[PDB]
Amino acid sequence: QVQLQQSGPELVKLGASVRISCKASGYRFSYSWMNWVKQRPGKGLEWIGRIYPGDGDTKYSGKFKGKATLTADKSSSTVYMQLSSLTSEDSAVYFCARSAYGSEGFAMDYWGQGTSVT
Amino acid sequence: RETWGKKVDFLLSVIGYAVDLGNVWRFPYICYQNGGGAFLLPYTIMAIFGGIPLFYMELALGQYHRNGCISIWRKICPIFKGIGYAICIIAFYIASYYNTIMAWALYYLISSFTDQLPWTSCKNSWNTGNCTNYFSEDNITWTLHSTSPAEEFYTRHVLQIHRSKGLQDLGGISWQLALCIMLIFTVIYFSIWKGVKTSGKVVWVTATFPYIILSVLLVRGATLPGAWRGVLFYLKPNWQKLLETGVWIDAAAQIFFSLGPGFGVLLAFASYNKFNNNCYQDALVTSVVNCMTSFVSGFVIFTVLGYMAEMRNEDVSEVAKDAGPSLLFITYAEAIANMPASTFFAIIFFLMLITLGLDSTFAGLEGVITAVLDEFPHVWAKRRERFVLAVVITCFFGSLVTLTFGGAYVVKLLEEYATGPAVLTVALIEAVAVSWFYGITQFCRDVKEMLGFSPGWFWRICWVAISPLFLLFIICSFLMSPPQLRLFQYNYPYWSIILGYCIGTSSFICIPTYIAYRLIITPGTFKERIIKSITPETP
Amino acid sequence: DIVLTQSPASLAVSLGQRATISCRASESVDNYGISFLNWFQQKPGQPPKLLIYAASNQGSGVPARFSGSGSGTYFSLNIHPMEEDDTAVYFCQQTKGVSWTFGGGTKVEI
Ligand SMILES: *[C@@H]1O[C@H](CO)[C@@H](O[C@@H]2O[C@H](CO)[C@@H](O)[C@H](O)[C@H]2NC(C)=O)[C@H](O)[C@H]1NC(C)=O
Ligand SMILES: CCCCCCCCCCCCCCCC
Ligand SMILES: CCCCCCCCCCCC
Ligand SMILES: CCCCCCCCCCCC
Ligand SMILES: CCCCCCCCCCCC
Ligand SMILES: CCCCCCCCCC
Ligand SMILES: CCCCCCC
Ligand SMILES: CCCCCCC
Ligand SMILES: CCCCCCC
Ligand SMILES: CCCCCCC
Ligand SMILES: CCCCCCC
Ligand SMILES: CCCCCCC
Ligand SMILES: CCCCC
């Protein structure tokens, strides 16, 4: 079993920045990807970006290349995502989709409870 | 004769363009497959016994008779003419399975264009499972069923062995490698369009790279920790693996692949623009410099193998035990992946490897493009465009089974059955013919009157008993002991041995075919037939 | 950015009936024999869990009721033994190159 926890509820502030803590435990930390999906309340889903713990690669979708950054830390085995210029329609939840170990390329059920911002 | 200056100058003026895949790629793989150290002494003794005499004999024949690799037998033996067809078939097989290494190397060169090295990127970039990037940067011991990132790259990108479950079921065709081999064939076609190269300019610009890149790779491997374990394993006599191991077959194959004889290439390179120009010395210095470059390549491979074994805390002869041609690429990737300017050195090494393989394979087709000119000078000597294109198309259509997903399943088979018994028996037939059918004293008189200095007494005793008996013993040891091929977690079935024996027979059965075809042409009794056929016709 | 949208929009709940979901991937081709496609299941008030990966194998801790097939462009989903407890929304995700993007999603309601 691999535990995975996230931060708590936060408030949306116009033009400010927030930090979402996401620490993994019970598995190889700096060996697989760590996705960051967005789920709007009631609406569909969308992708933001991905970062490999170890400063290897840092990819993005294209709609959040500058509005969302990704930071890894192999010491405490935590992954942060510092937002920027929060808007009114950005009030949603974010997960920590741990990618598979390679060839398969899936999320092995280790989805956090999600941090809601309002 | 020691530190006089002339010798070191002659060696420095020869080390530039005296390196081929037979001594930088074929020698390390064979030496590490049969165990390092225990192969150097058999290799060098088989060389000094039967590789230099045959080389000198082929050079003398090509320099005296002034004929092609097939038309030279019209003055030697009218019956032993099928050896030319055997040489042509062997060269076709080579150019079929030898260009796949160039295809893989050029694909590596293309993939090395990215500033980020794909070798050290197995973190699900495209797809890679069960890999360990950090060797010592994580302080974690090596776990069971773990493969290096470069090994996973070579096993999943350039040679997708996961698509084919085995040799019995080969997958489709890789377009990314098909286009690579097509570009390689387009390049090789635009270089033999004329067919003359004796004082060219490209030789210098392709020879100036190795003299520096080999030295920089050697010092990089020397300044790498853990290399002391690999050097000791490379200089181990290991007398226990020499008595009754039957390893001399691989040594002889490596010798005949690196030196040149046995493929019909010395005759073509000797029957043009040369006559009585410092004989009995050029062949010796070429063999010496080839052996020196081979030893340098073996050392630069083993100094990296030592580091690879020390970083895993396991035996040196176990890291790559079920590995075929993957020994060179993985080693070079792991060696270049620890350099400051790693991408530039990698692209330079890949480009020089491509140009070296091209300059090496230019000699393979050179002995077949000129073989039909001296045999059919009335139909093929006037076109010069309808034959090279035909042989290129035939090679492309014959090198397609080695381009499937089961690449190493075919290259490994043709690496011990297409040149193992075939080249050996061809060299044996040639040697025994030149010895008994033509006459040792006759050839000695010819070389004495064309050179002005009779060869030594040691050379005369070689071609009569040394080479033929050793080659016969090697052939008997091969026939009375079928090899056992084994790739990564794979065992070849029983029909693989039959397929290899059939492959190693079609390239030799043509000689008895021509023998039976020659006697049925001339009339008369068998005695008169052999009497009139053994003696050569009027020139 | 290889976009991928599902063709259906909504279906009905019925015990023991066939219902397939297709994913439009016309601008996509199989890379190395493994179909880089995934299937998720998101219940109201629950994070989405893995349902089927690679369009051929079964997910972790998923019953044998779900099964998928297909290769290349079109992919289907066999949910023949469907009950009321499977009234969730399923998505479609492709993972070829740097193009990871989810789909629209399909719901079921009688
Ligand atoms: C890396 O790990 C994987 C699984 O985590 C290994 O895959 C399996 O290997 C065992 C034996 O080692 C086989 O019995 C299984 O059938 C394999 N799984 C599948 C799906 O085929 C793999 O061997 C390990 N080593 C590598 C990839 O080099
Ligand atoms: C790989 C090492 C090659 C070394 C080659 C040395 C050749 C020495 C030839 C000596 C021939 C002596 C003939 C004496 C005749 C009376
Ligand atoms: C994406 C650009 C690929 C360019 C490939 C160039 C290959 C040059 C090979 C030269 C061989 C001598
Ligand atoms: C992307 C992998 C390398 C692709 C190289 C294509 C080269 C095409 C050459 C066509 C010659 C006719
Ligand atoms: C001792 C093993 C003998 C194997 C013989 C295989 C068949 C050789 C002749 C093939 C003719 C095409
Ligand atoms: C650690 C021992 C290194 C020995 C290097 C020898 C190089 C010989 C070049 C001819
Ligand atoms: C089962 C197919 C074997 C093909 C061998 C080609 C050399
Ligand atoms: C044809 C020019 C070759 C220069 C060295 C390339 C590696
Ligand atoms: C000019 C076309 C030659 C085709 C040869 C096929 C063997
Ligand atoms: C698709 C055919 C590839 C070559 C098969 C040779 C037996
Ligand atoms: C044209 C070639 C004649 C000899 C064929 C031997 C197989
Ligand atoms: C090898 C030739 C066999 C037949 C000989 C007939 C004289
Ligand atoms: C037997 C081969 C002749 C040249 C094509």
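Residues numbered from 1 in each chain as written, not as in the entry; some residues may be left out. Chains lettered and ligands numbered in written order. Heavy atoms only, no water. Residues with missing side-chain atoms left out of burial classes, pairs and counts.

- Structure determination for this PDB entry was carried out by cryo-EM, with a resolution of 3.9 Å recorded in the header.

1. Notes on the overall build of chain C
- Counting its secondary structure elements, chain C contains zero helices and eight strands.
- Along its sequence from the N terminus, chain C presents helices and strands in the succession β-β-β-β-β-β-β-β.
- Taken over the C-alpha trace, chain C has a radius of gyration of 13 Å; the compact-globule value for 110 residues is 13 Å, and the two agree within 12%.
- If one aligns the C-alpha atoms of chain C with their principal axes, the spans along those axes are about 35 × 25 × 25 Å.
- The burial tally for chain C puts 45% of its 110 residues in the buried class.
- In chain C, once contacts between residues fewer than 6 apart in sequence are set aside, the share between residues at least 24 apart is 53%.
- In the form shown here, chain C has an accessible surface area of approximately 5,200 Å², with 52% of it arising from carbon and sulfur atoms.
- Taken together, the 7 basic and 8 acidic charged side chains of chain C have centroids lying 3 Å from each other. (Helix = DSSP H or I, 4+ residues; strand = E, 2+ residues; numbered from the N terminus. Rg over C-alpha atoms; globule rule 2.2 N^0.38 Å. Buried < 20%, exposed > 50% of the residue type's maximum accessible area, 1.4 Å probe, protein only. Contact = heavy atoms within 4.5 Å. Areas by Shrake-Rupley, 256 points an atom, 1.4 Å probe, with all protein chains shown as cover. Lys, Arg positive; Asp, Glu negative; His and termini not counted. Charge placed at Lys NZ, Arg CZ, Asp CG, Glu CD.)

2. As for the sheet that holds strand 6 (residues 71–73) of chain A
Residue and element names in this part refer to chain A.
- Pairing is antiparallel across the open sheet formed by four strands, whose spatial order is 1-2-7-6. The outermost strands of the open sheet, each flanked by one partner alone, are strand 1 (3–6) and strand 6. Put simply, the sheet's adjacent strands are angled 15° from each other on average, direction ignored. (Pairing = 2+ DSSP bridges. Axes fitted to C-alpha atoms, helices over the stretch in contact; angles between N-to-C directions.)

3. Things to note about the interface of chain A and chain C
- Contact residues are listed per partner, giving 19 residues for chain A and 18 residues for chain C.
- Interface area for chain A against chain C, summed over the two sides, is near 1,800 Å², with a carbon-plus-sulfur share of 65%.
- Three residues stand out in chain A for area buried against chain C, namely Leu-45, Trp-47 and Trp-111 of chain A, and they jointly supply 31% of the buried area on that side.
- On inspection of chain A and its partner chain C, the count reaches zero salt bridges.
- Taken together, the links from chain A to chain C amount to two residue pairs in polar contact. (Buried area = accessible area lost by both parts, 1.4 Å probe. Salt bridge = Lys/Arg side-chain N within 4 Å of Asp/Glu carboxyl O. Polar contact = N/O pair within 3.5 Å; in protein donor to acceptor, adjacent residues only side chain to side chain.)

4. Quick notes on the UniProt feature "disulfide bond" in chain B
- For the UniProt disulfide linking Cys-122 of chain B with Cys-131 of chain B, the SG atoms sit 2.0 Å apart, under 2.5 Å and consistent with a formed bond. The residues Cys-122 of chain B and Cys-131 of chain B share a single accessibility class, namely buried. (Disulfide = S-S within 2.5 Å. UniProt positions renumbered as here; feature names shortened; annotations may be inferred.)

5. Some points on the environment of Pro-482 of chain B
- As for its position among the elements, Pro-482 of chain B is in the loop between helix 22 (457–479) and strand 1 (486–487).
- If near-sequence neighbours (up to four positions away) are discounted, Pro-482 of chain B is found in contact with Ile-497 and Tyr-501 of chain B.

6. What about empty space enclosed by the protein?
- The space that makes up the largest cavity amounts to roughly 110 Å³.
- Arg-28, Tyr-31 and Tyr-101 of chain A together with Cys-122 and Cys-131 of chain B are, among the 16 residues lining the largest cavity, the residues nearest its centre.
- By residue class, the composition of the lining of the largest cavity is six nonpolar, eight polar and two charged. (1 Å grid on protein atoms, 1.4 Å probe; cavity = no way out; pocket = protein on both sides within 12 Å on 5 of 7 lines; lining within 4 Å. Points joined across faces, edges and corners; volume = space filled by probe spheres on them. Nonpolar A, V, L, I, M, F, W, Y, C, P; charged D, E, K, R; others polar.)

7. Description of the sheet that holds strand 3 (residues 49–53) of chain C
All names here are of chain C.
- Across the sheet, four strands lie side by side as 4-3-2-7; this open sheet has antiparallel pairing. Across the chains shown, the open sheet's two edge strands, defined by having one partner strand only, are strand 4 (57–58) and strand 7 (89–94).
- Bridge analysis of strand 2 (residues 37–42) against strand 3 gives four bridges, and the strand direction is antiparallel. The residue bridging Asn-38 from the neighbouring strand is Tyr-53, located in strand 3.

8. Things to note about the UniProt feature "binding site: Na(+) 2" in chain B
All names here are of chain B.
- The feature "binding site: Na(+) 2", as annotated in UniProt, sits at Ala-18, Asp-20, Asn-23, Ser-258 and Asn-290 in this numbering. Sequence-wise these annotated residues cover 273 residues; spatially they are packed, their C-alpha atoms never more than 10.2 Å apart.
- The topology assignment puts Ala-18 in the loop between helix 1 (6–12) and helix 2 (21–24).
- Apart from the residues within four sequence positions on either side, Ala-18 is in contact with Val-289, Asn-290 and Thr-293.
- Along the chain, the position of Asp-20 falls in the loop between helix 1 and helix 2.

9. Let's talk about the layout of surface pockets
Residue and element names in this part refer to chain B.
- What the second largest pocket holds in volume is close to 1,100 Å³.
- Lining the second largest pocket we find 39 residues, and of these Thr-147, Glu-151, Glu-152, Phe-488 and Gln-489 sit closest to its centre.
- The set of elements that each furnish at least two residues to the lining of the second largest pocket consists of helix 8 (149–158), helix 15 (282–310) and helix 16 (326–336).
- Broken down by class, the residue content of the lining of the second largest pocket amounts to 14 nonpolar, 14 polar and eleven charged.

10. Some points on the state of the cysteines
- Going through the model one piece at a time under the given rule, you end up with three disulfides over all chains.
- Residue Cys-22 of chain A pairs covalently with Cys-96 of chain A via a disulfide, S to S 2.0 Å. In this pair, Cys-22 of chain A sits in strand 2 (residues 19–25) while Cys-96 of chain A sits in the loop between strand 8 (93–94) and strand 9 (97–98), placing the two residues 74 residues apart along the sequence.
- Owing to a relative accessible area of 2%, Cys-22 of chain A belongs among the buried residues under this scheme.
- Covalent S-S linkage joins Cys-122 of chain B and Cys-131 of chain B, the inter-sulfur distance amounting to 2.0 Å.

11. With respect to the packing of helix 4 (residues 40–50) of chain B against helix 13 (residues 248–259) of chain B
Residue and element names in this part refer to chain B.
- Running from amino to carboxyl end, helix 4 crosses helix 13 at an angle of 60°, the nearest separation of the two axes being 9 Å. In this view, helix 4 runs oblique relative to helix 13, as classed from their interaxial angle. Judged by the sense of rotation from one axis to the other, the crossing of helix 4 with helix 13 is right-handed. Judged by residue contacts, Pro-42, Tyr-43, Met-46, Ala-47 and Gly-50 of helix 4 engage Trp-248, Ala-251, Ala-252, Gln-254, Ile-255 and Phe-256 from helix 13.
- Residues of the contact of helix 4 with helix 13, tallied by class, amount to nine nonpolar, two polar and no charged. (Parallel < 35°, antiparallel > 145°, perpendicular 65-115°, else oblique. Left-handed = near helix turned anticlockwise from the far one by under 90°.)

12. Brief notes about the interface of chain B and chain C
- Listed as interface residues are eight residues of chain B and, on the opposing side, five residues of chain C.
- Area buried by chain B at its contact with chain C is led by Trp-126, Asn-127 and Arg-163 of chain B, which between them contribute 60% of it.
- At the surface where chain B touches chain C, the tally comes to zero salt bridges.
- Put simply, chain B and chain C have three residue pairs in polar contact between them.

13. As for the side chain of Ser-287 of chain B
- In this fold, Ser-287 of chain B is placed in helix 15.
- Residues within four places of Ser-287 of chain B in sequence aside, it is in contact with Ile-52 and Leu-259 of chain B.

14. Some points on helix 11 (residues 210–222) of chain B
Residue and element names in this part refer to chain B.
- For helix 11, which comprises 13 residues, the first-to-last C-alpha distance of 18 Å matches the rise-based estimate of 18 Å (1.5 Å per residue) to within 8%.
- Listed in full, the buried residues belonging to helix 11 are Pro-210, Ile-213, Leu-217, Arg-220 and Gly-221. End-on view of helix 11: buried residues confined to an arc of 105°, all on one side of the axis. Along helix 11, the residues that are exposed and aim more than 90 degrees away from the buried face are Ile-212 and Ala-222.
- In this fold, the buried residues of helix 11 make contact with helix 10 (202–207), helix 15 and helix 17 (342–369). (Expected span 1.5 Å × (residues − 1). Arc of directions from axis to C-beta.)

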